[PDB]
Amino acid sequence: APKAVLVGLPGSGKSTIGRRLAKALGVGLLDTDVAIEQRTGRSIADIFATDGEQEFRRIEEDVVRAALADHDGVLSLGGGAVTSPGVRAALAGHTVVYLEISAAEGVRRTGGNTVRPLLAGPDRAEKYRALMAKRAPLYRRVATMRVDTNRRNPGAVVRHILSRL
């Protein structure tokens, strides 16, 4: 099982804390989005456009289930994975770290146009707040550890987790 599975909104730090936490532990980081693009060969966007939500989530759950069983390092879960009941079920029993972030800080951490589908240019703040209202209850439901990252620098978040593992 993974040493830790990181979940949270876009910009909460899943990729960043994931990479840094994995390095600290001397283990590897597996990003479900990356695993999906490498399993299929197509990009996230392409899968959504062609196949669409339902098909994506299905491929995603499949990748997530294999990761939870085969990966022993740090696992960073795609932000919408928890919307799938099957994923929430698969997570039961694992160490799940919910990286919490405010909407104001979250929207600002993701302003780099690093490909944020759900956060289209027009009124990103409103969209981000809506995303939070929808996803937060789910992250809270699957989390075994909650970590506020609002005023904590990345290294502090990593040390916080490391000390609790």
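Here the rigid core means the biggest group of C-alpha atoms that line up within 1.5 Å when the two forms are laid on top of each other. Residue numbers run from 1 along the displayed sequence.
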Legend entry - Stretch with greater C-alpha deviation in 8 other deposited structures of this protein, 31 to 39 versus 48 to 56 (rigid core superposition): 48 to 56
Inset, instruction - Kindly name the stretch, out of 101 to 109 and 62 to 70, whose CA atoms are displaced more from this form in 8 other deposited structures of this protein after the core superposition? - result: 101 to 109
Legend entry - Stretch with the higher entry mean CA B-factor, where the candidates are 101 to 109 and 52 to 60: 52 to 60
Inset, instruction - Determine, for stretches 124 to 132 and 92 to 100, which one has the higher mean CA B-factor as deposited. - result: 124 to 132
Legend entry - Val27, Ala45, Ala67, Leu138, ranked by C-alpha B-factor: the highest one: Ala45
Inset, instruction - For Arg164, return the chain-relative third of its C-alpha B-factor as stated in the PDB record: lowest, middle or highest. - result: highest
Inset, instruction - Taking the chain's C-alpha temperature factors as the reference, tell me which third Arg151 falls into: lowest, middle or highest. - result: highest
